[PDB]
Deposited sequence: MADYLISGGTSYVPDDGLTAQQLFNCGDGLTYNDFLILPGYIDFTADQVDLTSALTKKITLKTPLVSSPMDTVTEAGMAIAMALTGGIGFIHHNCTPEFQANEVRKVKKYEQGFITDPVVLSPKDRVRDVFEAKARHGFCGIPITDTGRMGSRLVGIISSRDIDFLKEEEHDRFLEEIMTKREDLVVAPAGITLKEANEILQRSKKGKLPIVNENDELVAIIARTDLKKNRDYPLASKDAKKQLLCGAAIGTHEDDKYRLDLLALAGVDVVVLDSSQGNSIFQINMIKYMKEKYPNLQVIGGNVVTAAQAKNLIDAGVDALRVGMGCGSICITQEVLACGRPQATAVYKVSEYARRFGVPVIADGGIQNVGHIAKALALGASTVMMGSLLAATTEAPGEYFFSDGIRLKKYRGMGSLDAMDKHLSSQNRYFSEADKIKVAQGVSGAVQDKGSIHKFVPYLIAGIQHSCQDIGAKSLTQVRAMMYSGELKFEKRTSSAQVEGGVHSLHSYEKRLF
């Protein structure tokens, strides 16, 4: 029975595996737990999940799947500005609803004022829908397949493809923007070159942009932040990797809408070994979030997430969202082809600081992870997992979990190594592990 303030303010250099959250009182069911989380000062998702901007994790496929399930994805920038922007465009155009370009096809089969060819099938035998209706109305109005929206003068003002109404109805947690499109985020560097790439990403319709760096507390990123906030006042920007409040302050002052917290704890990271710099994750998350919260800036616990327990712990310590690399790297929607080794299906996963991904000092390693299946199955599982944890701890929502932790109400307890060994599977001659 120790509070977070007490636990993380003794200088022990703790991490996720070094502690536990003590159970509380249950008076609701796991399915009643709400995971709504703030991605940035203005982006809010239904789940606190985010896919990392890496070669072997996030591209269109992942970004789309992740958005459809309740989270969001960040496309990597280890490609051409053109390619990256196309990946953003694919994601952005995956779901639209009221398509305008192809409806105003252009007018200026169907015979809808102006000269809207979609012509032959005259505007009398065809079903139409008034302007001002909503997607719900739109769906029923033509319960079949193929809906031309008409503006007073009976002029084609828009159209809505049945397929979009399907995707919309199929994914109730979909992270969509004001235009009913799957929101997407992208990662860029801080060199001048990144200004051009940013412009192409802007044109692509990217919603949030993260400045990629192992140590984001620099004059380069600060000025880059200020630039972006100037050129694109509304664009949501996330600050480079930080692990201390002093670093966060500079980026917060520069104008960040959120912070990416984590240094050298990612599965493929050797920065701590090579550069001696970094910080134990659990502590990094608590300290920066505790600070950043006084400025309304969401913290993204980035790195070291090996399972659901970690996710719940990051959130419990102050993080608004959690970013994963390896916990998603082997899913169907991640970049790369599957292969086999010792009868084990694998997909490549490599650190962005690896010589391959990149005198060059390698800060990442290149490996492979075992097949995790589809994001469409895995993410729902993580969502269920997180919910149960909130239940045991007695919290109906992630927002509540933090209040309980900050009020002192939520208690923790350190785990000795024997205690960590006891917490996992032990004393078995053999066993298999499954979760969903």
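How would you list, in order, the spans of the deposited sequence that the model does not cover?
-> Going by the record, the segments left unmodelled (no C-alpha atoms) fall at 1-16, 121-124, 129-130, 135-149, 156-177, 206-208, 421-436.
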